[PDB]
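So this one's two forms of a single chain, laid out as structure tokens and tagged structure 1 and structure 2.
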Structure 1
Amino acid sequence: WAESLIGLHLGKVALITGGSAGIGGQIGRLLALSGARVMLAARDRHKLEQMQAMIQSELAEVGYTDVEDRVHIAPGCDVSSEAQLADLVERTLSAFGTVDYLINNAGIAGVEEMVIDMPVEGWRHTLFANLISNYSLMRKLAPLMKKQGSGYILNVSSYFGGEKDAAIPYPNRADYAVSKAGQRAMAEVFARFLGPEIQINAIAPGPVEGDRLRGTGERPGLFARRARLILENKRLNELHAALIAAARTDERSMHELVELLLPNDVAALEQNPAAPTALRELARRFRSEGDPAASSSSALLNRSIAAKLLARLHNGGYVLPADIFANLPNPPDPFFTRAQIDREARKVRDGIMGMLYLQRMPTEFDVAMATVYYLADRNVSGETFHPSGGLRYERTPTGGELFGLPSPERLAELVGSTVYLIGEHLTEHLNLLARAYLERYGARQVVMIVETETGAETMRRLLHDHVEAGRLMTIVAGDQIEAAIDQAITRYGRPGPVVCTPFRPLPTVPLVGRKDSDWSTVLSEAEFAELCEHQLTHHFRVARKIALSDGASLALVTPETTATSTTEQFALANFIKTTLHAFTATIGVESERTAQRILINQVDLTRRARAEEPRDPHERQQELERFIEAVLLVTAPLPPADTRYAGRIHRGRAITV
């Protein structure tokens, strides 16, 4: 079977992160069999030593000599640590000299929670491990590849990272999906800069068979575990959606509404004539859709769900004592029966298996073999190769640019609304949006949330008339956007429409260095992490907070490109646009599937090419009016027109101005 492989990559040096097991371990193995000298990097020394010994033994069997010189290991390497990545590159260059192939394979599953239950630090950790690490290693190795006149960067993405003009929603995995999309977008935008010397591509396998305790989660894996979590999350979502909806139209505070749940009795809540209709209807559903042997059919929640529900409420700025659930009656085991858990387990498994046109799961070996043959192709760059595929799954096309205003019925919903606008750099866009909502569509007030005092003063001077009239309020957020939103909620009330623009402009630094330069001026590893903080994490933090705070709609706005933006700014803007589409699509589907009201969509001020941009003041006026129209199209709330069909249309989409 190895006949076709031996000699294919003779003379090459390859660095494989996550190289002791899974797909990475097989790519390392097969590259070594093909003749490459390999460095395997991962955290655990023992697993690396086992893999190294297995590969060296196989190399000796096929005839290689001095096998200790062909397979090296780099233990204690966690790709989320910049210092560990710097050490890995020094160790690899010391062992083998210049790296020919950088195989950016290591990937972690991430937080595995809905955005509204996702810690911000958890999101950041996934980006550091899965995405920022890929830029970091490219930044350290590409100078030597360019100098020698050849190199290859391969980012191991996922089918769930999407494709060129479409996002793929991956509910409960937004951090992961964004990291995967970012890996592909990095190949797409850097290819022109890295060429002709260096190829950069991504692989996007679908689910791959492997160790049930490991992997990034595309494969079925652990069933009873995945199922029980799904059932616990479903109970949390149903309770949270009913309490949020009840609070919106009931005179009682969230504290008073949560007090209705304290007897923890489903039948008593359904039968309570004074309980809000959303809670009584929910209790009816728990009794009907429930297994009579499961205590979840007679009890509303348990201590674990209650704590996670309380965390959502506190994070949404609702006021409740921390000990509100201290005396909650504990429901008897089983909360969910074995039958319920096994039914959900079969649903998870069959769902994944049912996507496959070929009705067979590829192996890690199969995926690695297709990848190692693909590496021999010298005529591809900026591509995403699918070593496995043939999947039936939902897709969200991105980049539509032909649109108009929403219906007068949708625009009528804006009268007397509380609008939040977030931004700093885009003063023209912010001024025009505040004026459109206040002057044209009768919003009651606009809360302008900026980053700095200088930004606040600039907006206050631009909107002096609305400031004086008490229609425009300004808040300075700094790096504490969630606390700034809590200030807005307490002082000015909860938002209806929200528009989120980035605080910062894109940097103007080179993306590659000259062949004989030290690359000292090129976008640094720290600067790439800052780009992700300002252009991706910013939107995630706002979306998480606004959804938790019962915002009606949210428009995520990407950076602006113009006819005079630098070529590097166009590349970075397109990297952000593609990567954020993964977030928008995923959170849109999460929201829709969990009966959350919020409509979340993306409005792009970034275009693929300079030639598409306005060239004169007339075309610029047309562009700014298109921006206002795009934002109103995604922020005007659906009138009580609110169907399942209309609901799916108005969430997780991206439109280009």
Structure 2
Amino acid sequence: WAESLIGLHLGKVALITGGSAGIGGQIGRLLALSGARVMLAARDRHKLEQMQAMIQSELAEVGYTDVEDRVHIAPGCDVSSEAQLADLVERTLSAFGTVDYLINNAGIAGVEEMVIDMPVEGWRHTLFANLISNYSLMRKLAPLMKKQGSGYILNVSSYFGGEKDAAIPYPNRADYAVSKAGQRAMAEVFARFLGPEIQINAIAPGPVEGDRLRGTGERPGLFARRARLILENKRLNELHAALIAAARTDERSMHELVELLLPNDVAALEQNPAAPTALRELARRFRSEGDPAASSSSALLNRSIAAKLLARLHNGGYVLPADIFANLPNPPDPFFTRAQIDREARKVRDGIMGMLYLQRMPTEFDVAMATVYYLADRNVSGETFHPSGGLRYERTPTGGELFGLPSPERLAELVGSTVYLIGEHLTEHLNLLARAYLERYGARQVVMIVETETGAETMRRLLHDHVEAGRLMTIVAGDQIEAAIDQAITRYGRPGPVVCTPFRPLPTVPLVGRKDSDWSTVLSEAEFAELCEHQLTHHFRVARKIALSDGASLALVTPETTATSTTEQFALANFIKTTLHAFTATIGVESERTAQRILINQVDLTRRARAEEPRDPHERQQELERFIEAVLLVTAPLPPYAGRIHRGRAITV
């Protein structure tokens, strides 16, 4: 079977991250069988040694000589660590010389929580492991590839990273979806700069049969974990919604309502006459729909669900002691039975198998085979190859350019509203937007949340009249946007419209170096992380906080490009736009599954080509008015199908 591989990649040097098991292990195996010298990078030394011995033994069997020179390993390499990425390149370069193929395969599952329960550091770690590492390794390897005249960068993305002009929601996986979308976006925008010497593509497999999805006897896989999370998330969401519902119609504090959960007894809560109807109906549901052998049928929660519930409540402005669940009676194992988890795990697998046009998943060998043949194609760059797939899953087309003004019914709902505007760099857009809300649509007040004092002063001066009339309030957020939103809520009340623009502009730096250059001026590994911080994480932090604020409409705004903007700014802007679509679509679906009525849409200020951009002051004026219309179209509340249309969507100004 390996006879079709001999000579296919002979003379090539390949670097495979996550090369000790899964898809990566197979790509490394098949590349070695194809004649390539391979370096396998992963954390565990033992797994890396096992795979190396397995590949070397196989190479010897087909006829190869000095097989130890063909398969090298790089243990203790965590792709989320920059230092480890620098040590990997040096170890690979010393071992084999220049790298021809960079296989950015490593990809952690990530946080596996809804955005509202996703720690900011967890989101950051996934971006570093899955996305920032891809740029870091390309940045260290592309100068030597351009010098020798050839090279290939392959990013192992996913079907759940979406496609060129459509976003795919991936609930409970926003960090993951974004990182996969960014890997694809990198191939799409860097191809024009990396060519003619270097090819850059993404592979986006659909679900694959293997240990990641199926799991081992010792450790549960993606399906079993997703099954356990479905059950745990269901308990968290139901408890949270019932507490928010009861709080509306009950005069007791959230603290007093949470105190009713403390005996942690489903039966005692159901028959408690002093408890609100929403909590009693919830207890009845927990015992009625539950498994009698599961302690989740007799106990309300466990220490883990209690901590997530507490953080949701704290993040949503409710005042509760941090020790409220300290003496919570711990339910006896199992909280959810193996029967409940298996039924849920079977539903996940059956649902996926149903979505697949071919009603079958490829093996890791199959995906690696399609990839190794794909790597032989020298005439394709900036593409996303789908080695498996074709799924019935819903996609959200992005890039609607043709739109108009929202209805007068929706506009009259803006009268007397509280507007939050977040930004710094886009002073013109922020000034015009604050004025449109206050002067045209009679909003009660605008809270201008900036990053710095210099930004606050610039906005206060531009809006001097509204500042004088107590209509425009300014808050300096710094790198504490969550505390800044809390300040705005406490002092000026909860918002209706929320317009989140980036604080920072896109950098004006080269994306590739000249053939004989040192690449010293080229966008660094640290600057690429900052780009993701300022242009992705910024929006995620605001969305995480605003998704717990009832009655809010959030517009996530992407960077601005002009006829003046550098070609590098166009690339980076298009990279962001695409990557943030994955986030916007994912959180849009997650928001449906919450108690809070919250709309989240994306407004794109960036365009693919310079030819589309305005060229005169009249064409600029049309653009700025189009921006206001786009924001109003997504921020004006829907007065009591239309909800599906007005969420996780993105329009191009």
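Structure 1 provides the reference sequence; residues are numbered from 1 along it. Just so we're on the same page, rigid core means the largest C-alpha set that superposes within 1.5 Å between forms.
Structural comment: of the residues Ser565, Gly416, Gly404, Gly221, the hinge joining the rigid parts that turn between the two structures is found at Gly221. As a two-part rigid-body motion between the two structures, the smaller part of the chain turns against the larger by 21°, taken from C-alpha fits. Taking the rigid core as reference, the CA displacement of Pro169 between the two structures comes to 0.5 Å. After superposition on the rigid core, the Cα atom of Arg343 is displaced by 4.3 Å between the two structures. Superposing the rigid core and comparing between the two structures gives a CA shift of 2.8 Å at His240.
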